[PDB]
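Shown here is one chain on its own, the form deposited in one PDB entry, set out as structure tokens.
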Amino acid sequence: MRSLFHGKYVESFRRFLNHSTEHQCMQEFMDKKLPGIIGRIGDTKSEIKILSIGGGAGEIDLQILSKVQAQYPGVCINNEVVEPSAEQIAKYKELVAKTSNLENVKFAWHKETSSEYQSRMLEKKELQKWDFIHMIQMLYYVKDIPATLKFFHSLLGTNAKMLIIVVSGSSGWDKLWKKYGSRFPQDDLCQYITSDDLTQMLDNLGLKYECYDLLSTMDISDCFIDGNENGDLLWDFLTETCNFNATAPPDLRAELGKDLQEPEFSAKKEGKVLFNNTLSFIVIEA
């Protein structure tokens, strides 16, 4: 039972992406919801400051940027990215150099974690203000979430908004983690969190937010067959384990095999087993 954490991770992650509607789900939220969300973040401003936490390869960031530009044509935008992976940054830069209509947008990449960024910003004398801050699918890697939430919320300017996206409390992950979390290998780099944990922390912090869920799925049909390589790749992903099927206790595996087909974990339709990958979109007000 080795923690999926790194060449196997990318391979499993990739498998996850091409077998789920995660990409499409996000894109759908951007088209239908994002406009309404960022509708007034640029009001009275001659420059819009966007802070991307864990921006990764930049696909979602550029989609976000397109909506802001559409809402505020002619307005300069400063899009700063906090990302610890040099590899991700390289991809992000490659994408930018490839995209065309980005004249009024300037980028800056800071190779560090949100925590390092936070302490670095606290060494400065006064904290900057941002019009839009987003943390997409990255809170799992933050050690102190309440401090992180409080800090970034304090960086929001007038009418600014903070967008956070993590899996939903009503997704299969939530159930998978609550029940088998302790039986999966642990890595000090990742912790299980869902919108339930998040809204609870936001409630205790006393911050105002709205939470929207968007159904997304992961086709894990291939997970039900000895040998199938893709199924095994997905097995590894769902368990954050390297070669789950070959190293995990048979009692664990067997039990998992059963639960993954239960209504609360997946839906069965068209002879397919679709793991509930519902995502939660949380918008926090300044």
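In this text, residue numbers run from 1 along the sequence as written. Rigid core (definition): largest C-alpha set, two forms, superposition within 1.5 Å.
The question of which stretch, 196-204 or 76-84, has the higher mean Cα B factor is settled in favour of 196-204. Higher mean CA temperature factor between 212-220 and 131-139: 212-220, per the PDB entry. Out of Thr158, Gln191, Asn101, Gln71, it is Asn101 whose C-alpha atom has the highest B-factor in the PDB entry. Note on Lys106, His153, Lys91, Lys125: the highest value goes to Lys125, judged by CA B factor as recorded. Looking at the C-alpha B-factors along this chain, the one for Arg40 belongs to the middle third. Ranked against the other modelled residues of its chain, the C-alpha B-factor of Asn245 as given in the entry falls in the highest third.
Sort the modelled residues of the chain by CA B factor and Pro185 lands in the highest third.
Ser20: CA B factor in the highest third of modelled residues in this chain (values from the PDB entry). Ranked within its chain, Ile284 lands in the lowest third, by CA B factor from the PDB record.
One more form of this protein exists, namely the form deposited in another entry; it is left out here, but the text below deals with it.
Only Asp187, out of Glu112, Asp187, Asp213, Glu87, shows a C-alpha shift of 2 Å or more between this form and the one not shown on alignment of the rigid core.
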